[PDB]
Structure formats: structure tokens, C-alpha cells
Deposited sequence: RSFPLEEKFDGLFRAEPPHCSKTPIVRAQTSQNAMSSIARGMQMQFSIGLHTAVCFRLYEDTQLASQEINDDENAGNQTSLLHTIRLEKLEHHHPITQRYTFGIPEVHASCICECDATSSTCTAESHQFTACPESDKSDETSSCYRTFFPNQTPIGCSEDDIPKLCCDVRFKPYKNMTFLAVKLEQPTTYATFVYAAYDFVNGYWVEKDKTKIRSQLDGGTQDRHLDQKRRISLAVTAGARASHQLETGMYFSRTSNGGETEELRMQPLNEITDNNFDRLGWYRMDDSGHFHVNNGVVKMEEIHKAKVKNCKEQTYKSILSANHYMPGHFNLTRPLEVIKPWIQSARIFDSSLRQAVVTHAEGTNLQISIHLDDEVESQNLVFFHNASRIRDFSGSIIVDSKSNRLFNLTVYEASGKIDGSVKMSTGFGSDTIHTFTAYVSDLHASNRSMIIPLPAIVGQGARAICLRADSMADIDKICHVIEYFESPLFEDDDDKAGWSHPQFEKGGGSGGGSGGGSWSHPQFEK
């Protein structure tokens, strides 16, 4: 059951520690989602880089909805009539649905269609807003993150004909600063010093993100769509329809802004017919479309969520990330690193350009384990020139079936082509080649 992970083929650098006036270190690079194994001269010590996370501080929060809008207008032929005035309809709310918010607009200087030729009619409206399908979202401002690696340390013994887990701990290490060090084992003999070369290869930009909220205010996967900061009131972007301290929704500064967004005009004054539109985005009917979550659209994002109910940090878990630098240090004793052979029976897949322009090789490896080297060819011919080389990693100790996404450079354009896969150290004779089809989704 509990077994060592695939032990990765790793070059080891022996570094000598500086002298104390009154010591060898084993240095190596470790890949995200991979493990490195060693014995101390007996337990098999394994270190797996399990996670790469950005912890973004949340500097603003507000709750918003998507309004369902209806405008009800009345026309008056006589400009001097007590019905329809700037008093009652210019910069004022409708007089007192409990969930509705209602703002008034005034349109004098209308054309006398349905009136006398000497009349200058006036149109007066109530612009009603209700939350569409009672949807609620939390808007958050995310700022520059702190970075953390999660390592899983596990020591194994092979007794009674099976591997047995002798010790297991999760280790957390901040990556933005200098070398971070601590004891690895329960006996405190081995230490793990973690050094990042620099900032994680990917990062979510500073700005506005959002999550759908439940009745209890429970959040989910973060989404990105043009969204107002707390101090912004741009009607082309999300967040102009906000919930107050009570669960009541309002058009942000609606009393004053209504005359800027509500566009209306008389068709026939007597018939009480008129033209009316909202000059804004993100409302119902017909002006709202919800983006899919960040994790669905970004191959590099495994997850992007708000950490807990205190709503202080958002955590982005990376599916892709550069290697970390490790230094293993310690009676007189020697460390020996071990790796497992890599293997592959077959593969299948396709070359994809998705609706967001991600150019990927969607790959499934069969009965595979460890380091798999791949070559993308110029055409369908297995002997045609190589235009791209990559390496995929399968962390399972035993031959497993696994699906993965391999980013592809732009040179890998339209059309079917050959892709050849080969397990690390295997001869060219043991490569697997297949003609792989191309599928391009239009930009949506």
C-alpha cells in the first residue's frame, strides 16, 4: 500500500562547508511533483516536492450581484404639468419587492408624437433592479504574494517482504527570501536546506478577482473578468451592483449615476410607448456572461481559492513551476542517492489550441513511470526534423496511466504531425512514435 514514490535520476554536487575556527553537503535541483531518494551509510529517505503556492493578501472585499433590470416610463404632453418633474424624477429613488432597488430618471424636451404641435413632452421613468437568480459573488483585491513550497518527507524500511513507512512529515518553506533550513528526520540527524533560484515561474497579477458565494458566504474557485475596485464605479465592469451590511443590493451611487446609464426616449406620448436601454455591462436580460474559473482556463493553475472564512489570503496552487535547490547536510557517515528506471509502454493524445489560445499537447501515457523524453516533428513522418523537445515526469513508482498537458511553442502550428516518446536511457529502438492530430478551437 504505502510505497516510496518514483526516485528521480538526479545529478548530485558535493559541496564543502566553510570551516569553523573551533562537513560535506549533498546539493541537487528538485522538480515540482517529483521525489529524490537516498540512504545514509538502513532506511530509504524520500523527499517529494508536493506543492508550490502563492499566498496573496486580500486588501479589499465587497459583495456584488448581477441585476435584473426593468424600466417603467410615463409620458406627459404638457411641459408645465405637475405629473413628471425634475423634483420627483431627477436624482431621486422611487418612493417606497423587498429585494428591489429603484432609481428615477427625467427626460424633458421630448418631441410631441401623440401630442399637439406646440407641446414639449416629458418622459419619466422608474428603473428597477433585482438580483438575477439571487446570485452573490465576493470581489477581492489580490496583491503581490509570499511563496511557499510543501515537501513530503517519508522514510521507508523494507521488512517482511514489503515497504513500510517509518516516518512521514509535511515540510513548509518560504521561497522569497534566503535559504530556509530545518531537521528532516525524527532523530534530527539530517537537515534539509531549501534555496529558490528566484521568483516562481508563474504569478497571478495584482488586481480584482471574484468567487461565487453560497448562502453562508462560502467561496469557491476564483475567476477573472473586468471588475471594479472598491473605489471605482465603471459601468463597463462587474461590481456596480453591491450588497450593503444588510443583505440588500444597490446600484453603487445609483441616485446620481442613473441619468448617465439610463437612456430613454418617447416613441408615442399618448400610447405611452418609449425606447429604453441601459448603457452598462453585466446585467439581465441579455448583457451578462460569466467567465469560467481561473483553474479551468489556465493550464499552470491547479487551483486558486480563498484560504478560509477570515477572507485574508487567497492561495494559488501551481500545476507548473521551476526546480528548487536543495542542500542535504548532517558521527562520520555517507549519503548515497538512488533512482528507479523510467518506463513507457505506449501513449495517445492530440495537439490542441483552446478557446483561450493555449497551445498544448494533451497527452496520455500508458504503463509509464519516471522520466519521459519527447520530440515533436516537422511533419507526419517519424524521421522528419525535430522542431521541439520536452520531458514529462510520472511520479508513480509503478507503471501507471496518466494524462497531462505539455505546453507547445508557436512553431508547432496547424496540422497533424508525429510525436515520439522515449523513457530516459532507453535506446532509439525503444521509442514510440504516433501521428498526432491537430484541433484548434476558435477564439471565444
The deposited sequence goes unmodelled at 1-13, 36-40, 60-79, 135-138, 373-376, 491-526
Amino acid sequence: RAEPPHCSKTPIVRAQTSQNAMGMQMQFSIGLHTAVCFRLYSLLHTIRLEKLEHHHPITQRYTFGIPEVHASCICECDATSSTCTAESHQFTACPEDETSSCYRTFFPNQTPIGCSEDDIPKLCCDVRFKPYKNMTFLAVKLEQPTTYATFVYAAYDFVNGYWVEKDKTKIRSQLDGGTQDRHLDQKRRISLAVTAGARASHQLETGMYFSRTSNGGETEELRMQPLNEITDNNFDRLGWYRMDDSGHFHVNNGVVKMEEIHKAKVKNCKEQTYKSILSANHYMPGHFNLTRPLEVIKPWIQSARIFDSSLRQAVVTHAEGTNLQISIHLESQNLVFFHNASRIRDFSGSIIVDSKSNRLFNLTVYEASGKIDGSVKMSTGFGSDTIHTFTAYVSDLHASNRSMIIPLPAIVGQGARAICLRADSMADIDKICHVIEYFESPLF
From here on, numbers count along this sequence of modelled residues.
Of 140-148 vs 68-76, the stretch with the larger average CA B-factor in the entry is 68-76
Once average C-alpha B-factors are taken from the entry for 272-280 and 211-219, the winner is 211-219
Scanning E98, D176, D236, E87 for peak Cα temperature factor in the entry gives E98
When the entry's CA B-factors for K371, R188, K356, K257 are compared, the highest one belongs to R188
In terms of its chain's C-alpha B-factors, the third that includes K263 is the middle
Binned into thirds over the chain's modelled residues, the C-alpha B-factor of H183 lands in the middle
Binned into thirds over the chain's modelled residues, the C-alpha B-factor of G381 lands in the highest
By the entry's values, the third containing the CA B factor of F361 is the middle
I297: C-alpha B-factor third of its chain, per the entry, is the highest
